[PDB]
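Observations on the three-dimensional arrangement
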Amino acid sequence: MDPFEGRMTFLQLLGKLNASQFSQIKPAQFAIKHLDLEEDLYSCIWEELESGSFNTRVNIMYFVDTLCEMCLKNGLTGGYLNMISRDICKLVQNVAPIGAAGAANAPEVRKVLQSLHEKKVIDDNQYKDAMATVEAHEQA
């Protein structure tokens with residue numbers, strides 16, 4: 001499968017996401033099956049974040065959690081895991097920005113951050129930084 005078909009199919013799968021973990025499984029399996037396209041596919045995730053509603057952004061945050069869990073179940077250590085770890089505070093800024101959406105999404109982003117932290121995708125400093133971002137954006 002070439003990068004273009006990979007992106008096209010993955011974007012369609014991302015369109016299926018909802019709050020349920022059940023909806024996040026198939027896009028996660030695809031992303032992993034085509035790890036060779038990780039850069040393309042990771043950019044698909046950010047494309048959907050940038051143009052998505054706050055509801056869509058939150059569901060992508062859940063998907064990111066599901067993706068990381070499945071990566072770990074597959075015995076992977078880098079790839080998506082390193083990209084998500086590096087970008088964790090950016091992810092928080094997108095899903096829970098300054099203003100009222102930060103308050104509306106704070107508990108849901110906290111749940112994901114705790115999950116990523118417990119599974120050692122993010123370290124203590126990152127978790128502390130990301131949690132402080134959520135608090136700042138909940139309060140203002």
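Per the PDB entry, the protein goes by CTD kinase subunit gamma and derives from Schizosaccharomyces pombe. Per the PDB record, the entry is named "Structure of a non-canonical CID of Ctk3". Turning to the protein, the UniProt record has this under Subunit: "CTDK-I consists of three subunits, ctk1/lsk1, ctk2/lsc1 and ctk3 (also called alpha, beta and gamma)." The Sequence similarities comment attached to the protein in UniProt states, word for word, "Belongs to the CTK3 family."

Here we come to the environment of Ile98. Among the structural elements, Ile98 can be located in the loop between helix 6 (88-95) and helix 7 (100-118). Note on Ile98: relative accessible area 57%, which makes it exposed. Setting aside anything within four residues of it in sequence, one finds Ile98 in contact with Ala136, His137 and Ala140.

Here is what the cut-offs are and how they apply
- Residues numbered from 1 in each chain as written, not as in the entry; some residues may be left out.
- Heavy atoms only, no water.
- UniProt positions renumbered as here; feature names shortened; annotations may be inferred.
- Helix = DSSP H or I, 4+ residues; strand = E, 2+ residues; numbered from the N terminus.
- Buried < 20%, exposed > 50% of the residue type's maximum accessible area, 1.4 Å probe, protein only.
- Contact = heavy atoms within 4.5 Å.

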